[PDB]
Structure formats: C-alpha cells, structure tokens
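*Asks:* Mind having a look at this structure? Questions to follow.
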Ligand SMILES: CC(C)CCC[C@@H](C)CCC[C@@H](C)CCC[C@@H](C)CCOC[C@@H](CO)OCC[C@H](C)CCC[C@H](C)CCC[C@H](C)CCCC(C)C
Ligand SMILES: CC(C)CCC[C@@H](C)CCC[C@@H](C)CCC[C@@H](C)CCOC[C@@H](CO)OCC[C@H](C)CCC[C@H](C)CCC[C@H](C)CCCC(C)C
Ligand SMILES: CC(C)CCC[C@@H](C)CCC[C@@H](C)CCC[C@@H](C)CCOC[C@@H](CO)OCC[C@H](C)CCC[C@H](C)CCC[C@H](C)CCCC(C)C
Ligand SMILES: *C/C=C(C)/C=C/C=C(C)/C=C/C1=C(C)CCCC1(C)C
Ligand SMILES: *C/C=C(C)/C=C/C=C(C)/C=C/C1=C(C)CCCC1(C)C
Ligand SMILES: *C/C=C(C)/C=C/C=C(C)/C=C/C1=C(C)CCCC1(C)C
Ligand SMILES: CCCCCCCCCCCCCCC
Ligand SMILES: CCCCCCCCCCCCCCC
Ligand SMILES: CCCCCCCCCCCCCCC
Ligand SMILES: CCCCCCCCCCCCCC
Ligand SMILES: CCCCCCCCCCCCCC
Ligand SMILES: CCCCCCCCCCCCCC
Ligand SMILES: CCCCCCCCCCCCC
Ligand SMILES: CCCCCCCCCCCCC
Ligand SMILES: CCCCCCCCCCCCC
Ligand SMILES: CCCCCCCCCCC
Ligand SMILES: CCCCCCCCCCC
Ligand SMILES: CCCCCCCCCCC
Ligand SMILES: CCCCCCCCCCC
Ligand SMILES: CCCCCCCCCC
Ligand SMILES: CCCCCCCCCC
Ligand SMILES: CCCCCCCCCC
Ligand SMILES: CCCCCCCCC
Ligand SMILES: CCCCCCCCC
Ligand SMILES: CCCCCCCCC
Ligand SMILES: CCCCCCCC
Ligand SMILES: CCCCCCCC
Ligand SMILES: CCCCCCCC
Ligand SMILES: CCCCCCCC
Ligand SMILES: CCCCCCCC
Ligand SMILES: CCCCCCCC
Ligand SMILES: CCCCCCCC
Ligand SMILES: CCCCCCCC
Ligand SMILES: CCCCCCCC
C-alpha cells in the first residue's frame with residue numbers, strides 16, 4: 004500500500020468519509036419527520052459509497068494501468084464508480100429541496116450519467132488525442148447541469164419557503180464552484196496532459212470530494228429546510 | 004478509423020443522433036408544462052445516449068474481439084450499453100402516454116432489462132451453439148413486452164384522451180415493427196449465423212436505431228398528447 | 004458442463020427458478036387490482052433474473068478464476084449480478100407491504116447495494132487477508148438492513164391491516180433467517196476460508212436462493228395482503 008506516494012491522501016480520504024458517514028448516521032437517529040428522513044438517507048449514503056471506493060483505491064483494487072503516450076499510466080477507475088452513484092444523489096438533494104418537477108430531475112440525472120460515463124470512457128481510452136474528445140463531451144454535460152441549477156432551480160427556490168431558498172442558494176453556490184474544479188484537475192492531471200503529478204492530483208480530488216460530500220452534507224443537515232413546516 | 008468498412012455507417016449514425024439530440028434540446032426550450040417536460044426529458048436523453056455510444060464505436064472503444072467458430076469475431080458491445088438505457092426510456096415514453104400503473108411499468112422495464120442483458124451475454128458467449136440459447140431467452144422477453152404493449156396498453160389508451168389514444172397507437176405500431184427487426188438482424192448477422200456481413204449489419208442497425216429513436220421522437224414531440232389538457 | 008461436480012446443483016437451481024417464474028407468471032394473469040399487480044411484477048421478476056444467472060453459471064459464462072492463496076480459485080461472479088437486482092426487489096416487496104416512507108426505502112436499497120457491491124469486490128480481491136475486510140463491511144451493511152426490518156418496519160406493520168401485519172411478520176422472519184446464512188456460507192466456502200468445498204457450497208446457496216425467492220414468493224402471493232381493501 005505504502006509503495007504508492009499518493010497512499011497518504013487515499014488513507015486520509017477513507018478516514019474522513021468513514022467519519023462523515025458515522026456522524027450523519029448518528030445524527031439522523033433522532034429523526035421521524037418523513038421529509039427529513041429523505042434528506043438524511045440521501046446524504047448519509049453519499050459518503051458511505053465514497054468510503055468504500057476510497058478504500059478500494061487504498062488497497063489497490065480500484066486502480067488499473069492504461070497504455071497511452073507510450074507509457075503504462077496508473078488510472079484510478081474507482082472514482083467513476085463512486086461518482087456514478089454519488090453525483091446523482093447530490094443532485095437529488097438539491098432537486099428535492101426546491102420540489103423540482105419530475106422531468107427536470109430526469110434531465111439532471113441523465114445528463115449527470117452522461118457526464119460520468121463519458122469521463123470514464125475518456126479515462127480508459129488508449130488513443131491519447133481521443134481522451135480529450137470525451138473530456139469535452141463530459142464537460143458539455145456538466146455545463147448543462149450547471150445551467151439548470153441556475154436558470155431552472157434558483158427561480159424555483161424563490162417561490163418556496165425562505166429557509167429552503169436560502170439553504171438552496173448556499174448549496175447551489177458550493178456545488179457550482181466545487182464541481183467545476185473536477186474537469187480542470189482531470190485535464191492537467193495524470194488522466195489528461197500530465198502536468199500535475201498523480202500524488203498532487205490525488206490530494207486535490209480528496210479535498211474536493213470531502214468538501215463536496217461531507218462539507219455539503221454538514222450545511223444541508225443543519226438546516227431547518229429539510230423539515231416539513233410543522234407546528 | 005477508416006480501416007473498418009463499416010465506419011461510414013457508424014459516422015452517419017453518430018451525426019444523425021447528434022443532430023437529433025440538438026433538435027430536441029432546442030425544441031424543448033420553450034416548454035413550461037410539467038407533463039410535456041417529462042416527455043422532452045425522456046425523449047432528448049435517448050439520442051444523446053445513443054450519440055455517445057455510436058461515437059465510442061466509431062473511435063473503436065466500443066468494439067471487442069470474441070473467439071467463436073475458430074475465429075476472432077468483431078463484436079460491438081457498446082450497442083448493449085446504449086440499449087440498456089435507451090430501450091427502457093422508450094418504453095417509459097409509451098407507458099406515461101397511457102398513464103400505465105406502476106406494476107405494469109416495472110414489468111416492462113424488468114423484462115426489457117432481461118432482454119438486453121441476455122442479448123449481451125449471447126453476444127459475448129464463446130460456445131457457438133449457446134449463443135442461440137441466449138438469443139431465444141432474449142426473444143421471449145421481447146415477446147412479453149410486445150404482448151403487454153398490445154393487450155395491456157392499447158385498451159388502456161382507448162379510455163384516455165383521443166389525442167393520446169391516436170398518438171399511442173401510431174407509436175405502438177412503429178415500436179412493434181422496428182423492434183421486431185433487431186433479433187432478426189442479430190441472428191443473421193455477425194453475432195449469429197454470419198450470413199450478412201458486418202458492414203451491412205451495421206447499416207441495418209443504424210437505420211433501425213435512427214428510426215426507433217429520432218423517428219419515434221419526431222412523432223411524439225409534435226403531438227399535443229404530451230401536454231396536459233389546459234385552457 | 005458436467006466437468007464440474009457442482010453442475011448438478013446449478014442445473015437444479017436453474018430448473019426450480021424457471022418453474023417458479025412460470026408459476027408466478029401464470030398465477031398473475033388473472034389480476035387487475037393495481038396494488039396486487041405491483042407485488043406480482045416485483046415477485047415474478049426475482050426468479051426470472053435468478054433463472055438467467057443460474058443458467059449462465061451452468062453454461063460456464065458466469066465463472067471466473069481468481070488468484071489467491073497461490074491457487075486459481077473458481078469464483079462464480081454471476082451470483083452478485085443476480086443479487087444486485089433481486090435483493091433490492093425482495094426488500095421492495097417488504098417495504099411496499101408496510102407502506103414504508105421513501106427515505107426508508109432509499110436507505111434500504113442503498114445499504115443493500117453497498118452490501119452486494121462490497122461482497123463482489125471481496126470475491127474478486129487477490130490479496131487474501133483483504134477479502135475478509137470487504138466481507139466485514141458487507142456484513143455491517145447487512146446488519147443495518149436487518150435492524151431496519153425489525154426496528155423501523157415491524158412497528159409500522161402493526162398500525163396497518165391485520166392481514167398485512169401478519170404476512171409482513173412471517174416474511175420478515177423468513178428473510179432475516181435466510182439472509183443471515185449467506186455471509187456464513189461465503190466465509191467458510193471457496194470465497195473465504197475454503198473449509199467447505201465448492202460443490203457443497205453451491206448446494207447450500209441453491210437451497211437458500213430457492214427458499215428466499217420462490218419460497219418467499221409463494222407465501223406473499225397467496226396472501227390477501229397484496230390486494231387493496233375492496234368490497
Ligand atoms: C439514464 C442515465 C443512466 C444514462 C447513462 C449515460 C451513459 C449511457 C453514458 C455512457 C455509459 C457507458 C460509457 C458505460 C461504459 C462502461 C464501460 C466503460 C465498462 C468498462 O468496459 C470498457 C472496456 C474496457 O475499457 O471493456 C472491454 C470490453 C468488454 C467485453 C465490455 C463488455 C461489457 C460492457 C461494459 C457491458 C455494458 C454494460 C453497461 C455499460 C453498464 C453501465 C456501467 C456504468 C459505467 C454506466
Ligand atoms: C430490473 C432489471 C434491471 C433486471 C436486470 C436483468 C438482468 C439480470 C439480466 C442479466 C444482466 C447480466 C447478464 C449482466 C452481465 C454483465 C456482464 C456481461 C458484464 C461483462 O462481464 C462478462 C465477463 C466477460 O464476458 O466478465 C469477465 C468476468 C469478470 C470478472 C466479471 C465480474 C464483474 C461482473 C460483471 C459484475 C456484475 C455487475 C452487474 C452485472 C452489473 C449489470 C451490468 C448491466 C449489463 C446489467
Ligand atoms: C445506490 C446504490 C446503488 C449504491 C451502490 C453501492 C456501490 C457503490 C457499492 C460498490 C459498487 C462497486 C464496488 C462496483 C464495482 C464493480 C466492479 C467489481 C466491476 C468489475 O471490475 C473490477 C476489476 C476487476 O476485478 O475491473 C478491472 C478494471 C476495469 C478497467 C474496470 C473499469 C470499469 C469499471 C467497473 C466501471 C465502474 C462502473 C460501475 C462500478 C458500475 C456498477 C456495477 C455494479 C456492480 C454496482
Ligand atoms: C463527490 C464527487 C463529486 C461531486 C464529483 C464530481 C465530478 C465531476 C463534476 C466530474 C466532471 C468531469 C468532467 C466534467 C469532464 C472530465 C472528467 C470528469 C469526470 C472529471
Ligand atoms: C434504440 C435501440 C433500440 C430500440 C433497440 C432495440 C433492440 C432490441 C429490441 C433487441 C432485441 C434482441 C433480441 C430480442 C434477441 C437478440 C438480441 C437482441 C438484443 C438484438
Ligand atoms: C436471492 C438471493 C438472496 C436473497 C441473497 C442474499 C445475499 C446476501 C444477504 C449476501 C450477503 C453477503 C454478506 C453479508 C457478506 C459476504 C458476502 C455476501 C455478499 C454473501
Ligand atoms: C482548480 C485547481 C487546479 C490548480 C492546481 C494547482 C496545483 C499546484 C501544485 C503545483 C504543481 C506541481 C508541479 C510540480 C510537480
Ligand atoms: C429485417 C431485415 C433482415 C433482412 C436483411 C436483408 C439484407 C439483404 C442484403 C444482402 C445480403 C448480403 C449477402 C451478400 C454479402
Ligand atoms: C449456515 C450453514 C453453514 C453450515 C454448513 C454445514 C455444511 C456441512 C457439510 C459438511 C462439510 C464438508 C466438509 C468435508 C468435505
Ligand atoms: C447510472 C446510475 C443512475 C442511478 C443513480 C441513483 C440515483 C437515482 C436517483 C433517482 C432520482 C429519481 C428520478 C425520478
Ligand atoms: C438496468 C438499467 C435499468 C434502468 C434504466 C433507466 C430507466 C428506468 C425508468 C424507470 C421507470 C420508473 C419505474 C417506476
Ligand atoms: C444497483 C441497482 C439498484 C437498483 C435495483 C433495482 C431495484 C430498485 C427499486 C427502487 C425502489 C424505489 C425507490 C424509491
Ligand atoms: C453556462 C451555465 C452558467 C453557469 C455555469 C458556469 C460555468 C463554469 C465553467 C466551469 C469550468 C469547466 C471547465
Ligand atoms: C405475441 C404478442 C403479439 C404481438 C407481438 C408480435 C410478435 C412479432 C414477432 C417478432 C419476431 C421476432 C423474431
Ligand atoms: C442487529 C439487528 C438485530 C437483528 C439482526 C440479527 C443479526 C443476525 C446476525 C446474522 C449473522 C451474520 C454473520
Ligand atoms: C493530443 C491533443 C490533441 C488535441 C485534442 C483536443 C480536442 C478537444 C476537443 C474540444 C472540442
Ligand atoms: C450451432 C447451432 C445449434 C442450434 C442451437 C439452436 C438453439 C435455439 C434454441 C431455441 C429453443
Ligand atoms: C488471513 C486472514 C487475516 C485476518 C483478517 C480478518 C479481518 C476481519 C476484519 C473484521 C473487523
Ligand atoms: C454500521 C452498522 C449499523 C448497525 C446499527 C444501527 C445504527 C443505528 C441506525 C439507526 C437508523
Ligand atoms: C473510523 C476510522 C476509519 C478509518 C479507516 C480507514 C483509515 C485507513 C487507515 C490506514
Ligand atoms: C453536429 C454534427 C455532429 C457530427 C459529429 C460526428 C460525425 C463524425 C464525423 C467524422
Ligand atoms: C421448464 C424447465 C426448465 C429447465 C431448463 C434448465 C434445466 C437444465 C437442464 C440441463
Ligand atoms: C465548502 C466548504 C464547506 C464547509 C463545511 C462547514 C460546515 C459547518 C456547518
Ligand atoms: C418510422 C419512421 C418515422 C418517420 C419520422 C417522420 C417524422 C415526421 C413527423
Ligand atoms: C422458507 C420456506 C418457505 C416455504 C414455502 C412454502 C410455501 C407454501 C405456501
Ligand atoms: C462520530 C460519532 C458522532 C457522535 C455524536 C455526535 C452528536 C450527534
Ligand atoms: C452566499 C453563499 C456563498 C457560498 C460560497 C461558498 C464558496 C465555496
Ligand atoms: C461560479 C464560479 C465558478 C468558479 C470555478 C472555479 C474552478 C476552480
Ligand atoms: C439543430 C438546431 C435546430 C434549430 C431550431 C429548429 C426549430 C426549433
Ligand atoms: C396507423 C399507424 C401506422 C403506423 C405504421 C408505421 C410502420 C413503420
Ligand atoms: C406487427 C408486424 C411486425 C413486423 C415484423 C417485421 C420484422 C422485420
Ligand atoms: C407451471 C404452470 C402452472 C400451471 C397453473 C397453476 C395454477 C395457476
Ligand atoms: C411466525 C413466523 C415464523 C416463520 C419462521 C420461518 C423460519 C424459516
Ligand atoms: C433471527 C435468527 C437468525 C438465525 C441465523 C441463522 C444463520 C444460519
């Protein structure tokens with residue numbers, strides 16, 4: 004395990020996701036409100052899935068070698084397995100907060116699936132120049148998602164409770180900033196142009212992942228917006 | 004890319020799915036009705052997914068070699084990845100049109116999953132005679148789906164709005180004819196008996212795919228059946 | 004096929020799932036009640052999926068070799084493909100019976116996904132001692148599911164119809180006993196410590212699978228709890 008310099012960040016990531024999972028699990032024990040239960044379920048599952056995939060990367064299972072540029076390049080494929088399930092759960096948290104219509108939710112989840120799926124294909128593609136074609140398609144799917152979060156959701160939040168409108172606005176802003184960093188790190192890291200070494204890349208993704216999951220969850224689950232308006 | 008004679012049909016397929024995706028995306032921009040949004044979301048996602056998988060076939064990612072009959076046989080596995088997601092979306096379009104009950108929808112999607120999954124296993128099976136066992140099981144799942152579309156849905160459409168009944172009937176008929184061709188092409192093509200060469204097989208699937216997705220979508224999204232009855 | 008001593012149990016399993024599938028399919032033909040249709044759909048799909056995966060194991064497709072302990076160890080990976088889809092369907096049968104809230108259903112299905120997914124990783128892991136780390140995480144996800152079935156569902160059933168409360172209690176008890184055997188068989192069988200040989204392991208899983216699917220389904224589909232209260 005320690006044979007890879009990036010192991011320290013995989014281990015820290017595993018620990019922080021594990022701790023985040025346990026914290027949300029305990030916190031949600033005292034919850035009976037049916038609406039709050041939905042948000043706790045979604046939000047606890049996110050770091051639990053990430054915990055398993057960080058562990059698989061730490062132990063070496065979630066790593067494969069991909070030939071491109073005349074080299075055997077270490078590619079952590081387990082990231083995409085994580086993201087396939089956790090990024091639509093994160094979007095679902097946002098969509099339920101603002102009572103999004105079903106068509107909009109399906110558009111978001113579908114675009115998200117395309118985003119992660121094409122990122123996976125790009126990560127595993129052996130023809131170097133083609134990796135960036137997949138990156139571009141994935142990034143276009145991301146831009147669609149960000150567009151919807153701003154010009155379909157923000158003006159939906161404003162007709163809702165003030166506490167859900169303010170909580171949505173904060174989580175929207177956190178999401179757009181954090182999620183936009185992922186394609187940049189991929190592009191300059193070992194999957195793309197290879198300018199930033201894998202150990203630093205792994206650190207960067209770990210900070211983004213913990214912030215986008217445990218950070219996000221801490222903000223959401225401390226808000227009164229997750230509860231039905233009750234006396 | 005041009006090293007494979009079937010590349011021209013993969014390229015045309017990619018282009019037509021891409022163009023179809025953009026057309027539906029633009030067309031649905033001016034839509035606020037919650038019901039119509041569902042149909043636009045579902046129907047736009049279908050060629051978008053197909054676009055990505057056609058591209059993966061064009062670039063060579065979605066192709067593998069399978070030993071059977073003492074030969075290395077080129078198998079485009081990306082078709083099944085496409086179909087796994089797009090065929091239940093197509094069925095969902097039909098089921099929502101007639102306000103199908105939840106049990107019926109689950110039966111359809113489940114049978115569809117079995118249909119595509121067993122087709123994939125058959126496509127990748129190395130014992131030649133066993134490929135046709137999987138083809139038979141998949142075809143039985145197809146026949147179940149077609150049965151339900153006729154003797155569970157058609158008489159559901161007739162108690163609904165005339166515009167939804169007439170639109171459903173047309174899309175049902177398009178679906179049954181087009182979908183029934185797929186097992187025949189598989190059986191006589193490079194996956195099955197090998198009587199029709201891969202380049203012609205690829206052409207045939209491209210015509211079926213564009214018709215079943217973009218053709219289907221053009222009929223559906225031009226109907227007033229996708230809108231709630233409103234003043 | 005007969006080259007593997009466990010083939011007889013794979014063949015019997017295939018037959019019993021096939022027969023169970025046909026029986027439930029015929030039985031549900033005379034059903035119009037929308038609630039009952041849901042239970043028939045879910046419950047018929049379960050042995051149908053299991054039939055396909057038992058067949059893939061019989062024909063040899065669903066088997067791979069995994070190096071650990073200095074040996075090539077036969078691992079039937081198709082079990083996890085089965086279980087990935089059938090165990091959440093089984094939980095859905097239980098959850099719908101007691102009209103579980105959406106948050107609880109998502110927690111169950113999510114924990115179940117983690118349970119099966121980590122079992123799959125453990126089954127395919129090449130470092131022997133690490134296989135048991137994945138077994139432990141999977142078992143913890145199982146224990147969560149069993150906890151919810153007892154201390155979240157049982158007291159939900161009691162405020163419902165007596166026929167649904169009594170049917171739920173029986174199916175809950177069947178589920179907890181049968182499902183708890185699976186991690187034990189894995190641990191002592193060819194995936195784990197290797198004390199029980201593969202042919203006996205295969206027998207054990209076949210008895211558990213038929214009981215947990217066809218047995219379970221026979222109890223559920225003969226109950227009046229699956230019908231809406233109607234005059
Ligand atoms: C509604 C939304 C969910 C829409 C989803 C959007 C989605 C369509 C976007 C594209 C997804 C698609 C790229 C998934 C591809 C998975 C694939 C990378 C798995 C690895 O297999 C690739 C090659 C080795 O590189 O296998 C070597 C050759 C092997 C023989 C491969 C044969 C097995 C195939 C992988 C079977 C395909 C199954 C499905 C792709 C399962 C989807 C997995 C998940 C990653 C989407
Ligand atoms: C409700 C509905 C959805 C019901 C669904 C119906 C469904 C049950 C029908 C059968 C689906 C099942 C056949 C999927 C099999 C996928 C498999 C072909 C992927 C390729 O792996 C096959 C061999 C190489 O040929 O791998 C070589 C050996 C490797 C070590 C394989 C180990 C990895 C396994 C593939 C893990 C299994 C994961 C699940 C099958 C994911 C499902 C993928 C999708 C195609 C259904
Ligand atoms: C809401 C709930 C559903 C939550 C779900 C919980 C879930 C997160 C729990 C963990 C699931 C995760 C372990 C699935 C891993 C599948 C993996 C074993 C498939 C086989 O690939 C493993 C190695 C060979 O051993 O591939 C060799 C290297 C290859 C290059 C691998 C590259 C292809 C990757 C497999 C692509 C990943 C796609 C997704 C994992 C699809 C999920 C399949 C299913 C088994 C969950
Ligand atoms: C918890 C993990 C999260 C929130 C991950 C988010 C990841 C993305 C938004 C990834 C986006 C990518 C692209 C837009 C193109 C390049 C490849 C990706 C997959 C890194
Ligand atoms: C957009 C793509 C569509 C509508 C594809 C439909 C495909 C089928 C109905 C495929 C059916 C098959 C069988 C019935 C058995 C042989 C294998 C298949 C998968 C080709
Ligand atoms: C129809 C099949 C059923 C009901 C299978 C149930 C399987 C399980 C509950 C498996 C549990 C496992 C663990 C808890 C850890 C070890 C690995 C598994 C996957 C066997
Ligand atoms: C969105 C953030 C992307 C920028 C990442 C900056 C990383 C700077 C680290 C120094 C680069 C290491 C190069 C020498 C090894
Ligand atoms: C459902 C349509 C299946 C029939 C396809 C007919 C294809 C005819 C093309 C000629 C066959 C090529 C054989 C000589 C290369
Ligand atoms: C939950 C049941 C697990 C116990 C399984 C008992 C199997 C006993 C069979 C005898 C073991 C075979 C060892 C000699 C080959
Ligand atoms: C490819 C995996 C996509 C599914 C991820 C799980 C999250 C799905 C959330 C469903 C949202 C509800 C839509 C109506
Ligand atoms: C194996 C992939 C199956 C899922 C495909 C996505 C479409 C699912 C549509 C869900 C229909 C709603 C059922 C209640
Ligand atoms: C990884 C596969 C998980 C999906 C299995 C299919 C069963 C899903 C049942 C959905 C229950 C409804 C939740 C709201
Ligand atoms: C186009 C929608 C406006 C809100 C999205 C902001 C786009 C940020 C760009 C992210 C950088 C990705 C490379
Ligand atoms: C049995 C249901 C009647 C409607 C379905 C028509 C079946 C068409 C056969 C398709 C050919 C597949 C090989
Ligand atoms: C902790 C919840 C109480 C009900 C679950 C009973 C646990 C049975 C243990 C199963 C054995 C697995 C190794
Ligand atoms: C070796 C790099 C070749 C450049 C490929 C860039 C493709 C980016 C596509 C953006 C439309
Ligand atoms: C080499 C071909 C052997 C014939 C197999 C046909 C099987 C079809 C099954 C239909 C019930
Ligand atoms: C070779 C076996 C080494 C023992 C591993 C047991 C790990 C079990 C983890 C339970 C917390
Ligand atoms: C990680 C295993 C958890 C089993 C005990 C249940 C914890 C309490 C959860 C309350 C919903
Ligand atoms: C509760 C702490 C969980 C941390 C387990 C994984 C950390 C890796 C240590 C090497
Ligand atoms: C908008 C046109 C999209 C076409 C891109 C793929 C066509 C392949 C050209 C070689
Ligand atoms: C209807 C009987 C189904 C049995 C088919 C599979 C049994 C395997 C026989 C070798
Ligand atoms: C993006 C950083 C999130 C910070 C989380 C802090 C949570 C405290 C309530
Ligand atoms: C099956 C062929 C479909 C033809 C689509 C034409 C759409 C015009 C409205
Ligand atoms: C766990 C054993 C189940 C027994 C099923 C018998 C069904 C008869 C109604
Ligand atoms: C990591 C366990 C958290 C302890 C409880 C925190 C207050 C709910
Ligand atoms: C008003 C919300 C500001 C949140 C910005 C957080 C940036 C990481
Ligand atoms: C809305 C601001 C987006 C900031 C992008 C930051 C990418 C590192
Ligand atoms: C391909 C872009 C379509 C242009 C608009 C067509 C009329 C909505
Ligand atoms: C009355 C509907 C006829 C549609 C037939 C289309 C055949 C491709
Ligand atoms: C309902 C008519 C079906 C026609 C099947 C055509 C197969 C090529
Ligand atoms: C296996 C076929 C079952 C025959 C009908 C049983 C009574 C519904
Ligand atoms: C009162 C229900 C008892 C069911 C026990 C079944 C054990 C297999
Ligand atoms: C509730 C009793 C569980 C029995 C476990 C049996 C495991 C073989």
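Chains as they are written, first to last, in PDB author numbering: chain A, 4 to 234; chain A', 4 to 234; chain A'', 4 to 234. A prime marks a further copy of an entry chain. Using N, Cα and C, we set each Cβ at its ideal position, and we do this for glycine too.
#1: Helix or strand or just coil, what does DSSP make of residue 209 of chain A?
#2: In terms of residues, what are the limits of the alpha helix (DSSP H) holding residue 50 of chain A''?
#3: Using only alpha-carbon positions, find the residue among A'':5, A'':44, A'':38 that is nearest to residue 229 of chain A''.
#4: Using the C-alpha atoms, what's the distance from residue 6 of chain A back to residue 195 of chain A''?
#5: Exposed or buried, which one is residue 59 of chain A when buried takes at least 16 other CB atoms within 10 Å?
#6: How close, in whole Å, do the beta carbons of residue 224 of chain A'' and residue 46 of chain A'' come, if the pair is a contact with beta carbons under 8 Å?
#7: Is the segment 59 to 71 of chain A' close to the segment 110 to 117 of chain A', with three or more CB pairs under 8 Å?
#8: How about residue 40 of chain A: is its C-beta nearer than 8 Å to some C-beta of chain A''?
#9: Within 8 Å, do at least three Cβ pairs link the segment 77 to 93 of chain A'' to the segment 115 to 134 of chain A''?
#10: Quick check: residue 49 of chain A'' and residue 216 of chain A'', are their CB atoms within less than 8 Å of each other?
#11: Exposed or buried, which one is residue 41 of chain A' when buried takes at least 16 other CB atoms within 10 Å?
#12: Pull up the DSSP beta-bridge partners for residue 69 of chain A'', would you.
#13: Under 8 Å between the Cβ atoms of residue 160 of chain A'' and residue 167 of chain A''?
#14: Taking any heavy atom of ligand 23 as the mark, which residues have a C-beta closer than 6 Å to it, listed down the chain?
#15: With 9 Å as the C-beta to C-beta threshold (strictly closer), list the residues of the segment 38 to 66 of chain A'' near chain A' in chain order.
#16: Between A:43, A:204, A:16, which lies nearest to residue 221 of chain A when the distance is taken from Cα to Cα?
#17: With 16 as the cutoff for other CB atoms within 10 Å, does residue 193 of chain A' come out buried or exposed?
#18: Which whole runs of the alpha helix (DSSP H) in the segment 70 to 155 of chain A'' are 4 residues long or more, in chain order?
#19: Under 7 Å from any heavy atom of ligand 26, by CB: list those residues in chain order, please.
#20: For ligand 12, is there any heavy atom lying closer than 7 Å to the beta carbon of residue 91 of chain A''?
#21: If we cut at 8 Å on Cβ distances, does residue 113 of chain A' have a partner in chain A''?
#22: Just to confirm before moving on: does the CB-CB distance between residue 79 of chain A' and residue 17 of chain A' stay below 8 Å?
#23: If you measure from each CB to the nearest heavy atom of ligand 13 and keep those under 7 Å, what residues do you get, in chain order?
#24: Kindly list the residues whose CB is nearer than 6 Å to the CB of residue 227 of chain A', restricted to its own chain and excluding five residues on each side of it in sequence; keep chain order.
#25: Just checking my contact of residue 190 of chain A' with residue 138 of chain A' at CB under 8 Å: how many whole Å lie between their CB atoms?
#26: If you check the beta carbons only, do residue 208 of chain A'' and residue 188 of chain A'' fall under 8 Å apart?
#27: Cβ of residue 181 of chain A' within 8 Å of Cβ of residue 211 of chain A'?
#28: What span of residues does the alpha helix (DSSP H) with residue 232 of chain A cover, start to end?
#29: For a test of the three-state rule: what should DSSP assign to residue 193 of chain A'', helix, strand or coil?
#30: Helix, strand or coil for residue 20 of chain A'' per DSSP?
#31: Go ahead and label residue 183 of chain A' buried or exposed: buried means 16 or more other beta carbons lie within 10 angstroms of its beta carbon, across all protein chains shown.
#32: So, helix, strand or coil for residue 158 of chain A', using DSSP?
#33: Can you tell me whether residue 170 of chain A is helix, strand or coil according to DSSP?
#34: I'd like to know whether the C-beta of residue 160 of chain A'' is nearer than 8 Å to at least one C-beta of chain A.
#35: Can you give me the Cβ contacts of residue 149 of chain A'' inside the same chain, cut-off strictly under 8 Å, excluding the 5 residues immediately before and after it?
*Replies:* Quick answer:
#1: helix
#2: 37 to 62
#3: A'':38
#4: 26 Å
#5: buried
#6: 6 Å
#7: no
#8: yes
#9: yes
#10: yes
#11: buried
#12: A'':76
#13: yes
#14: A:177, A:214, A:218, A:221, A:222, A:225
#15: 38, 39, 40, 41, 42, 43, 44, 45, 47, 48, 51, 52, 54, 55, 58, 59, 62, 63, 64, 65
#16: A:43
#17: buried
#18: 81 to 100, 105 to 127, 131 to 154
#19: A:22, A:25, A:26, A:29, A:30
#20: yes
#21: yes
#22: no
#23: A:142, A:145, A:146, A:149, A:150, A:153, A:179, A:183, A:186, A:187
#24: 166
#25: 6 Å
#26: yes
#27: yes
#28: Unbroken run through residue 232 of chain A: none, as it is neither H nor E.
#29: coil
#30: helix
#31: exposed
#32: helix
#33: helix
#34: no
#35: 179, 182, 183
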